[PDB]
Amino acid sequence: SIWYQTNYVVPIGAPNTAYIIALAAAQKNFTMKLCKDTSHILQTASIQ
Amino acid sequence: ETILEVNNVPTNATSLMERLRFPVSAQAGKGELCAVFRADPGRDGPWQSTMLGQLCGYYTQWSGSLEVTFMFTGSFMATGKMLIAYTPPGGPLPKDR
Amino acid sequence: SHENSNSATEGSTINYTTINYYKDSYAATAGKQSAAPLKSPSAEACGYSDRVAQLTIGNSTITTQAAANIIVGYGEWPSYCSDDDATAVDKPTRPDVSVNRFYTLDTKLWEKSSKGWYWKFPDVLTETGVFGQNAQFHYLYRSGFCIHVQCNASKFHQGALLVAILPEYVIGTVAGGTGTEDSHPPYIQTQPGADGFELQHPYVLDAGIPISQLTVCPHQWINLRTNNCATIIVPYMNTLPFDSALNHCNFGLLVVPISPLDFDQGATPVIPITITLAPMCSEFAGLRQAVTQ
Amino acid sequence: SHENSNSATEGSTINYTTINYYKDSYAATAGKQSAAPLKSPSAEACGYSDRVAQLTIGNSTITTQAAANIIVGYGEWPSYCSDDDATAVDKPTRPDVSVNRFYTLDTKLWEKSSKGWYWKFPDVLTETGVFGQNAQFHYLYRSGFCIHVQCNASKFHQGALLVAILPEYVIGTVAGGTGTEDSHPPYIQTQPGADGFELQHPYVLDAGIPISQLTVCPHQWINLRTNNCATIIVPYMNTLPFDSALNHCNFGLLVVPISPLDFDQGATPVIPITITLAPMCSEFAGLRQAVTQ
């Protein structure tokens with residue numbers, strides 16, 4: 001969770017709303033096991 | 001590092017590119033909540049947009065630490081601090097900072 | 001050899017030449033005496049840049065200017081109590097990751113008419129986290145502190161804050177205004193908790209002591225054009241090796257706007273001041289049931 | 001060299017001669033294989049009499065027969081997790097005096113018609129002391145246990161208790177009695193807390209397993225003519241280096257009267273059974289906000 005420690009402070013002339021791009025990765029200690037069929041995307045139709 | 005879609009609220013195709021970034025703005029200074037998401041890479045949700053999440057769909061078991069990089073894309077005059085807290089399992093969504 | 005070594009200056013590094021005609025050394029005359037800690041030294045000045053290259057403690061991480069902008073209070077890093085300095089025969093607990101971490105307290109708003117606030121330590125953290133639970137569960141407490149006061153403003157904003165650390169910040173009253181009432185400050189004023197307490201008279205620091213001499217205490221400025229934050233490294237300062245975390249506050253953190261906040265209409269009027277602080281080398285002893293106060 | 005070393009017995013001390021025609025060692029045949037922990041060894045049998053000469057841990061002290069009457073569970077003393085056996089990269093906290101101490105739970109009364117009770121670990125200590133607070137605050141937990149079940153009776157009283165330690169004591173139900181309901185035990189039955197839970201069918205241990213074979217688990221008798229207490233030293237037994245203290249119980253302590261309590265009228269009818277237990281080598285990791293369950 002991301003919480004406002006103080007605020008988003010801008011002067012006159014700066015936009016009142018900004019954006020944060022979250023970029024997720026893994027470390028060098030990351031490992032994987034038990035290769036399996038993915039389910040994040042499921043094509044239910046046949047490819048023509 | 002791949003873009004984590006924390007703001008996976010919009011579904012329309014015209015607003016699909018808004019998923020890659022999430023808003024930060026001036027608040028009342030009470031430690032307001034900006035954004036929450038689960039830290040699970042293989043779970044359905046924000047992490048599916050990442051390469052780590054999509055590759056995690058191909059593997060049942062994962063171990064190791066995770067790197068989530070937040071890049072501020074405001075003005076150079078835009079300033080402030082954020083408390084990005086990772087809650088270990090067992091703790092629910094915090095109601096305050 | 002023929003005298004008791006029972007003066008107040010035994011154990012010091014100063015050699016004193018004295019005149020004594022009695023059995024006790026304290027009966028003797030004052031005699032002769034046979035960077036600098038008080039100027040709020042930086043981490044670069046104290047040579048502690050290795051511990052400062054990345055301010056990550058426990059499971060927390062803050063970002064600021066390194067070394068030069070890290071005020072070590074009285075030039076001394078926080079440490080565990082030495083074997084000679086400690087009196088309690090019970091061995092203390094050192095959690096060291098659940099208590100030595102940055103805790104973010106509150107988001108007090110700096111205004112143009114803002115007067116200033118104070119936070120008492122470790123009263124701010126008595127009901128927060130594993131540090132708070134160890135403070136309630138243990139009679140004895142000892143810790144330094146890494147207080148990182150954060151106040152971000154644009155380069156068109158102006159103002160300065162005297163973020164200062166006043167050891168044993170005893171709160172005085174107005175004494176009824178006329179000065180003939182002998183009133184005493186309540187518990188919410190002496191120990192305001194993590195929310196802090198706004199100063200009624202920041203000129204006298206609510207204690208009859210001028211804020212102009214507050215800089216003899218460990219301090220750092222948040223002059224907005226130069227820096228947006230102040231990091232003060234406070235050691236454990238007490239007459240005792242350990243003390244109760246619930247009925248005695250080692251120091252008060254003063255965050256007072258000396259130069260008022262000012263900006264033209266159109267910039268963000270919400271300029272908040274965030275108190276993020278980490279206990280350092282925290283020790284707890286004398287374990288019993290948890291008591292809040 | 002030409003095969004993956006990915007069998008289930010890599011890392012073991014047993015040399016296996018095997019026949020394999022594939023890339024993977026687990027494809028191979030079972031092959032050949034090229035005091036005693038299970039008999040509930042005493043501290044004298046395990047050679048741990050130095051740690052047992054005075055059972056004082058933390059800030060607590062119990063008194064009993066030494067060495068011979070100290071059952072080390074599975075012949076292994078509790079220890080901190082080794083560097084290789086641990087998976088979590090976060091460093092754990094070791095309070096070691098506020099969590100490694102004897103906690104006294106309750107005073108369940110032994111009756112002539114008493115059936116027996118069980119206590120789940122560390123569920124009994126999840127809401128008790130600094131150990132309980134560390135259990136709620138941390139996701140990961142790991143500790144051994146020194147359980148000292150105390151039941152004092154006069155030399156005219158008779159009876160025996162199978163004080164036993166059943167690892168992963170999963171509770172079964174009566175399944176509606178007929179066995180065709182698939183009922184599941186509630187949270188107050190699976191995790192009854194420090195108060196424990198009385199056994200409904202101690203013969204099958206409320207799990208369909210006979211109590212006559214409960215002695216293959218770490219156990220000690222409280223045969224009243226011989227001893228008035230049982231001290232079982234249980235290590236951390238799990239498939240994992242660490243686990244949650246709130247939703248998984250490592251073991252259940254079974255205190256069941258095998259020989260019924262009996263005495264003539266005139267002696268004290270209140271014969272209570274006291275559960276005093278100390279976590280040993282307690283570790284906590286994965287720190288967040290405190291959650292009760």
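Atom set for the values below is all heavy atoms of this structure, side chains included, hydrogens, waters and symmetry mates excluded. To find a chain, count down the sequence lines: A is the first, B the second, and so on, and within it residues start at 1.
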Just checking [X]: does its [atom1] atom have more than 12 heavy atoms from other residues, nucleotides or ligands closer to it than 6.0 angstrom?
| X | atom1 | value |
| --- | --- | --- |
| B/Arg38 | CZ | no |
| C/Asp262 | CG | yes |
| B/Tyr59 | OH | no |
| C/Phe156 | CZ | no |
| C/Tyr187 | OH | yes |
| B/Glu67 | CD | yes |

Under 4.5 Å to a heavy atom of chain C? For B/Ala78 that would be neither
Pairwise side-chain contact, C/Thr107 with B/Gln27, heavy-atom cut-off 4.5 Å (strictly under): no
With rounding to the nearest 0.5 Å, note down the distance linking [atom1] in [X] to [atom2] in [Y].
| X | Y | atom1 | atom2 | answer |
| --- | --- | --- | --- | --- |
| C/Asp106 | B/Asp96 | CG | CG | 12.0 Å |
| B/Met77 | C/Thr268 | CE | OG1 | 12.5 Å |
| B/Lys30 | C/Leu109 | NZ | CG | 5.5 Å |

Structural part of [X] lying under 4.5 Å from a heavy atom of chain B:
| X | answer |
| --- | --- |
| C/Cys151 | neither |
| C/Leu105 | backbone |
| C/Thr61 | neither |

Scored by heavy-atom pairs under 4.5 Å with chain B, the best of C/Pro272, C/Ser60, C/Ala153 is C/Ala153
